[PDB]
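Considered here are two forms of the same protein chain, supplied as structure tokens in two stand-alone entries, structure 1 and structure 2.
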Structure 1
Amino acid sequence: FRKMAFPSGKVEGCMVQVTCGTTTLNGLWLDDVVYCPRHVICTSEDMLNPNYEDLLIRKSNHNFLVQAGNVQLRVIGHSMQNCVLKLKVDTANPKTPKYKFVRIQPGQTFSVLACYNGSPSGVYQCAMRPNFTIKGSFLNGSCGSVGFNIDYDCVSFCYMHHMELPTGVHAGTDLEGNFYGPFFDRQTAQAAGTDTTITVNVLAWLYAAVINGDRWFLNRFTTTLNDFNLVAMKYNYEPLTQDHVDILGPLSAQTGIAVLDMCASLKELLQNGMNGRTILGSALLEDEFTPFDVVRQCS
């Protein structure tokens, strides 16, 4: 049972290189618009406290070099929507898929197509942390890489990568340019909140374990949501809601283990540890699989 990403083909045909002066990063080319982080227009003397409106005034269309594979797209307009730059180009991307722009919820997962110089390099599955960071694998110049989900034939873009925090986690925006979390595209001290564990996701992964025959942690007990949440909050776990219980229903039905029964199992795992046993080959509780992810991978 593995971290599984969505096939990336629909996204690969949209990645382009965007250069502004000495700075190169990635852009997303949909119809006749290229989306990319606005901090591409920054210089090192601007990065500490940029005035992006003023910086964008100083730019002309010819200060933006956009390359698709190895064809130069002509920028014919440029504008700023919150923290994303929109570069209007004179050609529509013929490989534009059907798409929507979505803002996701903490705890939800998505696939990341990690790119450098406009070229895809890898694909992996990510979760949006409760504190709106992502624990990504991104090097310098990965800015403009996007996170996405696929539903039927439609790509739902939910994340554009912007920056690393000095703690090594990553921050970015939705495709309308609004940051996830309290972060800003400037080189200043920025703390993420305390990170917590996504309780509903750990429960889904214990169900995945049961589905795959790892059952040693099941116990006879049950619990109430209220008494579970009282314990969970001592171990830095997000509260479990009735909506979360309803969301776990399919996994409960497939295994015949009630949600509050699995909650009792998670409660004793927290209070006792694993005693050197593993679950699904891990010695830690995994929280980056949603209930949907588990159902898809096990159905």
Structure 2
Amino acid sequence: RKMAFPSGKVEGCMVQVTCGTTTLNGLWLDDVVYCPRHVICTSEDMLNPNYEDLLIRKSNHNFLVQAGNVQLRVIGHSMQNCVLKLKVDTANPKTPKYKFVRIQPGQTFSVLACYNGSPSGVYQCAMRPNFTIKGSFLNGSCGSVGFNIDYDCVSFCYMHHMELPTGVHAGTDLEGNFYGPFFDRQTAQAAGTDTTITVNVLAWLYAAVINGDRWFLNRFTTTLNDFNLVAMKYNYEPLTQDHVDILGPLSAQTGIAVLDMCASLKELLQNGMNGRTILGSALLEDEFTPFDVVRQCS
């Protein structure tokens, strides 16, 4: 299954931020609230906002931060890239142990979809190689965050900003830097051509081997360079050393070398599946990470 992390530690951090008639979601950690900076924007200055100039015309008392219907008094404000940081006079007592991290394409995370500071649902997302996610977001969702949880430490990696004309979604890390070549303005922007997440397909093949489905295992190997050149001819991502390293645990568990599995996938790309299934599916799955695979058997 696509399995999200339990969302409770994040739910306790969700607030709403209103500037004018514009309300979006914010993230309340200790005595700072993080939210998309375009909350300060007006309907007439959003085609290309001068955020620096627009923020100079703003004061602490222009910002309405609410935990539910309880107002949190704002005592400071600053901008860091595309996020606004509102210092408030109350430390959130539900603040979990947390980190801010920037994830890489192929990595998965849970999204807590929120409207008016109230969580509405949770689901797993994979960052595509073109730095979009296939999410489920409506108006009012901006400021919803994505996260992973490791040993009760919440690593926030995504804050929601945009829906591209193709219906996929784009956002920033929690330091306000967009994933991919996008901008927080009211314009139609296009992602790069997407590719298949090779390291995740490999993890999926390891998962099939773990469960006894191993017809696709062959008697060949490859170099990583040779595989990377063939992979790109099939719209598959090239592998990095970090991808090879994160496949280590599954490689050891099955006893199938990473480069051996690469040679197995290489056959699958050049010969097709031939009406055979892998884990009961005609299509190769590329949104399970190596960690997701080990977790679903741990």
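FYI, numbering is relative to structure 1, first residue = 1. For the two forms, the rigid core is made up of the largest set of C-alpha atoms that agree within 1.5 Å on superposition.
J.: Where the C-alphas switch from fitting one rigid part better to fitting the other, that's the hinge; pick which of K234, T255, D195, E164 sits there, comparing between structure 1 and structure 2.
T.: Answer to the hinge question: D195.
J.: How many degrees of rotation separate the smaller rigid part's two orientations between structure 1 and structure 2 when the larger part is superposed on C-alpha atoms?
T.: About the larger part, the smaller one turns by 18 degrees.
J.: What Cα shift, in Å, does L206 show between structure 1 and structure 2 once the core is superposed?
T.: Comparing the two forms, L206 shifts 3.5 Å at C-alpha.
J.: What is the magnitude, in angstrom, of the C-alpha shift at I150 between structure 1 and structure 2 when the rigid core serves as the superposition reference?
T.: For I150, the alpha-carbon shift amounts to 0.4 Å.
J.: Quick one: CA shift at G69 between structure 1 and structure 2, core fit, Å?
T.: C-alpha displacement of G69 between structure 1 and structure 2: 2.0 Å.
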